[PDB]
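Worth knowing before you read on, the calculation uses all heavy atoms, side chains too, and leaves out hydrogens, waters and symmetry mates. Proteins come first, then strands; the chains are lettered A, B, ... in the order of their sequence lines, and each starts at number 1.
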Amino acid sequence: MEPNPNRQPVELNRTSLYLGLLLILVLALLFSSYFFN
Amino acid sequence: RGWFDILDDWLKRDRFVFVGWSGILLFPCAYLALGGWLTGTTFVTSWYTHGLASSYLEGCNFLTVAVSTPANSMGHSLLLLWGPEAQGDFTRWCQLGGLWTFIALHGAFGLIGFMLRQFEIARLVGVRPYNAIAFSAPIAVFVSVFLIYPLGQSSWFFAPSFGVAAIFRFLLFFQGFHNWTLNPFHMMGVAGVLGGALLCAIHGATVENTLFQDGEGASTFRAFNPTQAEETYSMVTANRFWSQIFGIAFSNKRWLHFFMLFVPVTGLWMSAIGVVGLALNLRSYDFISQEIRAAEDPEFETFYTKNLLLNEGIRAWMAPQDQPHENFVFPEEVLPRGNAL
Amino acid sequence: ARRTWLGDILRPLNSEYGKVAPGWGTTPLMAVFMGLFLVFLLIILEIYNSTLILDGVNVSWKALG
Amino acid sequence: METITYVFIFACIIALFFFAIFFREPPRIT
Amino acid sequence: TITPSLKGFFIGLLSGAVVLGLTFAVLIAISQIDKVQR
Amino acid sequence: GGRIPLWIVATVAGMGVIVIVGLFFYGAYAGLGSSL
Amino acid sequence: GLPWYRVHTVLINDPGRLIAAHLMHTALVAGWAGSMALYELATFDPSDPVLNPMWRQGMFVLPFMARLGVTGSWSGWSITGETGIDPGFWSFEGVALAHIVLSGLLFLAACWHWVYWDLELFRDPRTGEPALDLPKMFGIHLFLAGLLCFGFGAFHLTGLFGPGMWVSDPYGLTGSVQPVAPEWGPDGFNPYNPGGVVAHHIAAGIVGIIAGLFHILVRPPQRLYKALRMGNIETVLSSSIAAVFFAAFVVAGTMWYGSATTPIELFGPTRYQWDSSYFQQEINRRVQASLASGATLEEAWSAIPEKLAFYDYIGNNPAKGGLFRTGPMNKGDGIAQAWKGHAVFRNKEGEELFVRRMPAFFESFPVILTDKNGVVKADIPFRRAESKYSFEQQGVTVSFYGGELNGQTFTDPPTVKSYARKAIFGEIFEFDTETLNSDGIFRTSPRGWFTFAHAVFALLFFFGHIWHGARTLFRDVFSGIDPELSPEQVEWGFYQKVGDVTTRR
Amino acid sequence: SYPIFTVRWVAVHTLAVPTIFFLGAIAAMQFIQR
Amino acid sequence: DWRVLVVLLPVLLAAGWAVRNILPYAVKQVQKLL
Amino acid sequence: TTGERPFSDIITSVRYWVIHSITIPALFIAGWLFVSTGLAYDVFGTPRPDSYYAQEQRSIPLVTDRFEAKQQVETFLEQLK
Amino acid sequence: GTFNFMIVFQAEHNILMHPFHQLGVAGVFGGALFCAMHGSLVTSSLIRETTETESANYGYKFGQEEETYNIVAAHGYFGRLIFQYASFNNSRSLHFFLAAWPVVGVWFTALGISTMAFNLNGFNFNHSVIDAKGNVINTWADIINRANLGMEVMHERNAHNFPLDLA
Amino acid sequence: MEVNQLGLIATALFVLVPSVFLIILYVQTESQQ
Ligand code: CLA
Ligand code: CLA
Ligand code: CLA
Ligand code: CLA
Ligand code: CLA
Ligand SMILES: CC(C)=CCC/C(C)=C/CC/C(C)=C/CC/C(C)=C/CC/C(C)=C/CC/C(C)=C/CC/C(C)=C/CC/C(C)=C/CC/C(C)=C/CC1=CC(=O)C(C)=C(C)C1=O
Ligand SMILES: CC1=C(/C=C/C(C)=C/C=C/C(C)=C/C=C/C=C(C)/C=C/C=C(C)/C=C/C2=C(C)CCCC2(C)C)C(C)(C)CCC1
Ligand SMILES: CC1=C(/C=C/C(C)=C/C=C/C(C)=C/C=C/C=C(C)/C=C/C=C(C)/C=C/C2=C(C)CCCC2(C)C)C(C)(C)CCC1
Ligand SMILES: CC1=C(/C=C/C(C)=C/C=C/C(C)=C/C=C/C=C(C)/C=C/C=C(C)/C=C/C2=C(C)CCCC2(C)C)C(C)(C)CCC1
Ligand code: OEX
Ligand SMILES: [Cl-]
Ligand SMILES: [Cl-]
Ligand SMILES: [Fe+2]
């Protein structure tokens, strides 16, 4: 049986990392207060 | 070569206003929602639903005129002209707030029409349909605010009335009753709206101040050609500027313009979610930890506790007139009031 | 690709990819059922909403007694 | 512990600022 | 039985039909008179 | 066919709005809606 | 490489791994059901279905098991309060175990399909290409859906071969699982009639069998196949999402307004039952009937089942909660223990006085007493200096009839004011606040939490309908417009009909 | 050799016509008095 | 009642006046449609 | 560019202004008479300055029932007769 | 504290009824709309340069000489969504439009705050409508005013010894 | 303050889990070239 031909690689560049982290950190900082209530 | 294909042909002709299949839903409804509003704001009262005047005929100006919501006694009745409440009497329909549902429903179907229009013109021209997609954010705001909110509530009476000052009243309702400013979904909406206006001005001014000198005249507009293949500003100089002024800057023109789509569309979507919670009085009204300290410790004061006094003033002072159907009677001695005022 | 007993059995159910009736086919008929189902959903909605009022249809909790 | 949590996130954002600026992928032409 | 609101339902139902019908009557006509050359 | 100079249509039209709007503003001070 | 937001596109032309991912999703969802139920069982207190029903206790899945007839625990309790029962294997716990075994068997099946993705079954015999005949698949699945919808109505709900469903009287006092006969007439479309739920499933079950049959045998028209890109599995996702959000709005609304399938003993009351003093009307009907029938005050009120008076209390109104006020309703006002009695205010003249009730809109509300005519005769003043209606000045008293305080009168103004303040919530209860260390702030009910989630999810799925619908109809330009588009196709008047070069001039 | 009556003609007049009617009723209103 | 004809008369003359003034040119357009 | 007649060529055209110096003012007058005759008040049910309250009254005639609402506003209106 | 500030400003100046705040909203809603419109329209007319398995964003390389979208095609779409002449075919006018609209509107809302500092407040139509007897006939402005009052009487509840809050 | 004790586990997981995800995909992106 042949190995699956539908596999692709995944990419996350460094700007997308910075954008993602900024998003999560700001989200955490907006909601943290409501979680502590 | 049948009648359908013939009609498709005629609907899809290139003319001063394209029509399309979507025009068949859109145009009747867009025209009626708009005629409804102009008609009611010029001639129609709010006396029997609200105890308010609301037309030019009655002496209101453009700021105070409005098509107001039906009386709270109508519940969520569709208020069809031909239905059990107005029984086909056009005059009674108007007086019961039948034009509120008329505007809101034809409006709702007009918005569908418009988004299908964007779909139809984008397919026939061969572009990608991201303008249509972006318009999903206006729709979600509309349906959550004007439909879902009062459906969670006791009646249409508590949706927004269609009018400038009337929408002002609605903003203050949500402060006093929902403490909506505290709500993390409104804040993200706010970040989205202002984020967008910021992106709007900053991208427009950057293009206009990294222009290439392409003509001899002091008016730099004349020297763009819509068919030129050449970028009309330097992305490179614009990047170096913002890198050196701000620390980071865009390098990708596609990411930039996609981000301009993303930011405002997302903020509106977040606020829509927040209003849905409010449909059920699921507010972000209080911080519990604050209330327990403040109850026990009368020297503890924050801007959080200050604003809930202000909300308390709003509720008590506006409720009787803003909700006549509850016949509230607050004798003087029970109104909350700071010293002297 | 891998043959299996159960595959051979289900084989004809995934065998007519791309087969269509000609032209318009049953579309006019489909459209009828569509029109009916809509009016039927109007009735259901207007009963729930109380713009349709029917004898012996007491739309309330009190209709469980 | 609430105070600590708030300051740690804020602190992290400032450090992310730092890397996003001095340790960006550098833009390169054509 | 046959209630007022049911009478009204059919009024609304039949009026929507007119408007749609009449509207598509007009539209078929015009598409037939003013065809694209091709 | 092009017999009226367009600048003319524009000054008359323009004055026409000016008139009707000033009516609407005079009426904020007279009659219904004036506080009187 | 693939961007992060596109990783799962690798399944689009791999039917086996698509089945493997779908199996894993199913396994995780059945897994969740099992774990939620066990956590609920580990925290449910079944000792008082009157003042501490499941819906005060933050129970989310318990009530759905009870709604279809699972009412009992291997521990011997049932939710009706019967002690001594024996439910067989299909107890709350057995339902939970089942879903976990299911989760585990589904997980293995997924391993097998991921590894053996290259099944001949999935290949078009002509071309050798992966290919799913979606039109016939629709007819097969539809036909199965009708069999099950039919059988579920025909056997489970009737009691023919099964337990029936939860039914109750209009005031949620005597609910139970009973078989239901269908209602075939017009009142079967009344949401508050449970026989219409039976009729619906039998009738729709047959329609789905028949249509199923139609969709297996009759090929789609060429016009529709082309218009709806029926060779494209993403069209099925576009329309499938649209259907799911249609259905999520509906279940949201029936939860909020209430229907025969959202009974108040499982989910709690509605806000509208507070707006319209629904339970209060009925309470008053009984005290007047007791009384005309020659009972005393003490007797007429003592005659009031506590369960009924507990509905007549804003603390159980689902529209008094808050978004980040978490946990059960018991975490807020506490665990209800007893009814204190119905409170009666009289001024110094002996007029009966009525505390004006708090509306769902108001986090806080003043204390205002009125006579049977709506005329204000007392209040708790804010500014004291010009006050003229103080309980002190008017000599307001409270007497209690029924309940724990039955036949007791208080007259000292601070105590009177105290009950006046609770009277705005409706009927007056004694709460346990230590046990859950309750903070005294109202939470919402499962009725509230379920409406909120499904109304939100549905709205979000609207955008999923729009995204994947656009992607089906514009697949050909997903990556960009034609680089040799020419300004004649896009300039005006070039073509009589837009985007159709056969109509040049 | 243009046409007079077009879809465009219709849209234009759909809005123009009742715009003036309204501007005339509203004009009359400035003279209503209590 | 009588107020309605009052209101309606000017619209009719506006119709008749535009009717008669445009009639000749409007006929050529219908002929031209084959 | 799509075959209609250009706007700027219409509103300077003499045939245009011949028709419209009649239609525009006839419409402006129609709409006037709609208000001046008092008809607009009756088509829409809008209260006149003298018919919001009855002389010694200070209550709103707020509608308060759903299926009797027609009858309600009618009752309030006979209390002005 | 920001929210405290904007509540008190409304009770003391009726900023919502002030035209310059209405233009700031117009600037700030209009800005967000034009941001989305411009972003969706450029995004709709990207020229194909990538495959289905990659970010179209990789179709642009920093510093490329050619433009990366077809504006004629974008004009052609938005022109037909409205009509031809309500849409831009010149990129310079378009980008200056994006700049000017939110900038101007926010000049005004900043001027509004600057001028309500000298208590030239928003329009006041409290009791502007009365009947033939002389009764007040409320509008939505009077409702606003009631909410405004509830703010007035509660804010800085201990700090006022005399009947008017004159600053 | 008398604050919600799961607030802390909640915030930490809210932050950590999406972050680790982004990092994992970034570092293996760099390991390719
Ligand atoms: C064409 C677009 C369009 C759309 C989408 C709508 C949509 C709507 N209108 Mg609007 N309306 C339109 C055009 C449209 N209207 C036009 C052109 C006018 C001007 C005449 C109006 C005037 C108008 C008024 C005055 C009112 C509405 C109202 C409504 C709402 C209720 C309609 C209803 O119950 O339908 C019911 C009817 C249908 C759904 C039609 C279904 C057609 C069936 C399937 C065919 C039946 C055919 C027949 C039985 C077969 C032959 C039988 C035999 C005897 C020969 C709804 C939002 C009401 C509203 O807003 O309430 C607040 C309202 O009061 N409309
Ligand atoms: C810093 C100030 C600020 C900012 C930037 C915002 C921003 C926002 N607010 Mg918040 N607000 C604020 C302060 C602010 N707010 C304060 C202090 C309060 C007091 C509590 C409120 C109270 C408040 C309420 C009560 C609501 C908002 C809402 C919103 C959102 C509205 C989005 C929108 O465009 O809807 C505009 C409307 C639409 C986009 C709907 C569709 C529009 C269609 C396309 C109309 C088409 C027009 C048609 C062509 C014809 C018109 C012609 C005619 C007029 C001539 C947005 C996120 C709303 C929200 O969250 O919505 C979910 C909402 O209901 N705000
Ligand atoms: C072997 C069969 C089986 C049985 C008997 C049950 C039985 C139960 N499950 Mg489990 N479950 C199963 C399989 C099964 N499950 C699987 C495979 C999964 C993984 C998805 C789950 C996941 C699951 C969850 C997540 C939950 C349950 C729950 C429950 C309980 C309530 C069920 C309920 O209210 O459904 C209600 C179901 C519906 C209302 C579905 C309606 C279907 C809609 C209307 C679609 C119609 C579309 C159709 C194609 C169109 C038809 C056309 C027509 C013309 C015919 C009950 C004990 C609940 C519970 O209490 O858990 C503890 C719960 O929350 N189950
Ligand atoms: C439809 C789903 C659903 C619903 C309605 C409920 C409902 C309920 N659950 Mg259950 N639960 C669910 C799913 C659900 N659950 C799942 C999936 C799990 C496993 C995680 C559990 C695990 C669970 C436990 C362990 C407990 C409950 C409990 C409860 C009850 C109270 C919960 C509460 O206070 O919520 C509070 C809700 C909120 C504070 C709202 C949070 C919403 C956040 C803020 C959204 C995030 C925003 C996002 C990040 C924004 C970014 C977007 C943008 C950038 C794109 C209530 C009956 C409790 C109970 O009483 O049990 C007896 C309890 O202890 N649930
Ligand atoms: C049955 C539902 C369903 C299914 C099967 C799919 C399937 C797909 N979508 Mg659609 N989509 C849906 C619903 C669905 N979508 C809805 C409701 C929305 C609106 C929110 C979208 C919005 C959407 C967009 C905008 C895009 C897709 C794309 C895609 C494809 C790639 C997605 C991917 O790799 O995700 C990868 C996602 C991750 C690796 C992480 C996401 C983590 C999220 C943000 C939080 C996770 C929540 C948590 C797991 C709990 C589950 C949620 C709850 C509902 C149960 C794939 C074909 C993409 C596409 O078109 O590519 C061609 C794309 O760009 N979808
Ligand atoms: C000590 C401590 C604890 C301090 C306390 C301080 C304090 C109180 C902090 C509170 C923080 C707080 C919680 C804030 C929360 C903020 C909040 C509400 C979050 C929003 C979250 C959210 C997800 C909202 C949804 C909407 C959303 C997606 C909005 C995004 C907004 C956003 C980031 C917009 C972009 C902003 C902007 C300035 C962009 C700069 C762009 C820029 C570089 C352009 C320059 C440029 C232009 C060109 O034209 C060209 C050509 C080039 C080349 C070019 O480069
Ligand atoms: C409702 C209804 C209906 C219909 C209706 C309609 C459709 C209407 C229309 C209407 C319209 C269609 C209207 C219009 C109006 C208009 C107006 C009223 C205008 C005004 C304007 C002005 C005032 C302006 C001015 C100005 C300024 C201020 C500034 C800027 C510039 C200018 C100059 C513009 C029907 C029949 C179905 C029946 C039922 C109901
Ligand atoms: C195909 C299709 C579909 C489906 C469809 C269907 C499923 C259908 C159904 C249908 C139906 C299922 C229908 C029904 C109907 C019904 C009716 C319409 C009825 C009526 C009734 C009446 C009207 C009656 C009356 C009365 C009364 C009430 C009382 C007295 C007597 C009398 C008789 C008068 C869809 C959508 C998915 C889409 C795609 C396509
Ligand atoms: C293997 C096996 C087995 C076993 C099994 C088991 C043991 C299972 C488990 C399972 C389970 C144990 C599962 C569970 C699941 C869970 C889930 C899957 C969850 C989910 C979650 C989520 C998704 C959430 C979300 C969220 C959050 C977190 C926050 C809030 C909001 C929301 C809701 C969004 C047996 C022996 C039988 C057989 C053989 C094999
Ligand atoms: O500090 Mn801050 O807030 Ca301006 O007014 Mn006077 O002062 Mn006080 O009062 Mn209102
Ligand atoms: Cl303050
Ligand atoms: Cl002072
Ligand atoms: Fe740009």
Side-chain angles (χ1 to χ4, degrees), chain A, chain G residues 1-22 58 110-123 127-132 233-234 321-328 331-332 363 436-444 449 452 456 478-479:
Chain A
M1 181 161 163
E2 296 323 329
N4 180 304
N6 295 291
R7 267 144 50 208
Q8 303 268 7
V10 193
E11 81 159 56
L12 179 84
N13 60 41
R14 201 200 298 198
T15 303
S16 297
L17 175 66
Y18 289 142
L19 289 158
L21 298 174
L22 189 52
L23 172 71
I24 291 154
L25 287 183
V26 172
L27 283 177
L29 187 76
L30 178 51
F31 283 94
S32 52
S33 296
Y34 301 89
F35 296 178
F36 289 117
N37 207 358
Chain G
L2 281 180
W4 72 262
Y5 49 88
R6 285 191 200 161
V7 279
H8 295 156
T9 68
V10 305
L11 302 171
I12 293 184
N13 279 347
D14 193 338
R17 302 203 153 175
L18 175 74
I19 278 154
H22 287 180
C111 294
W112 192 87
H113 276 284
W114 185 266
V115 177
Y116 301 106
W117 61 271
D118 201 14
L119 305 189
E120 190 262 320
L121 175 61
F122 306 138
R123 298 268 185 175
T127 74
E129 291 260 88
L132 282 155
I233 182 160
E234 195 152 4
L323 176 52
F324 296 100
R325 307 181 179 154
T326 61
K331 176 61 198 192
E363 296 284 332
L436 305 174
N437 179 20
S438 303
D439 58 27
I441 298 163
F442 299 129
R443 266 81 169 176
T444 192
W449 279 118
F452 170 59
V456 170
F478 173 63
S479 266

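- In this structure G:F442 satisfies the ring pair (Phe, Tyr, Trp, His ring centres under 6.0 Å) test together with G:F425, sequence neighbours excluded.
- Both the backbone and the side chain of G:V10 have a heavy atom closer than 4.5 Å to some heavy atom of chain A.
- G:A131 meets the side chain to side chain contact (heavy atoms under 4.5 Å, CB included) test with C:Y17, G:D124; sequence neighbours excluded.
- Within the model, atoms CD1 of G:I12 and CD1 of G:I233 stand 8.5 Å from one another, a figure rounded to the nearest 0.5 Å.
- In this structure G:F452 satisfies the ring pair (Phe, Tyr, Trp, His ring centres under 6.0 Å) test with no other residue, sequence neighbours excluded.
- Going from atom CG of A:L27 over to atom CG of A:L22 covers 9.5 Å, rounded to the nearest 0.5 Å.
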Using atom types as modelled and no hydrogens or angles, find all donor-acceptor pairs between chain A and chain G shorter than 3.5 Å.
{"unit_1": "A:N4", "atom_1": "ND2", "unit_2": "G:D14", "atom_2": "OD2", "d": "2.8"}
{"unit_1": "A:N6", "atom_1": "ND2", "unit_2": "G:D14", "atom_2": "OD2", "d": "3.2"}
{"unit_1": "A:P9", "atom_1": "O", "unit_2": "G:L2", "atom_2": "N", "d": "2.7"}
{"unit_1": "A:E11", "atom_1": "N", "unit_2": "G:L2", "atom_2": "O", "d": "2.9"}
{"unit_1": "A:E11", "atom_1": "OE1", "unit_2": "G:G1", "atom_2": "N", "d": "3.2"}
{"unit_1": "A:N37", "atom_1": "ND2", "unit_2": "G:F324", "atom_2": "O", "d": "2.9"}

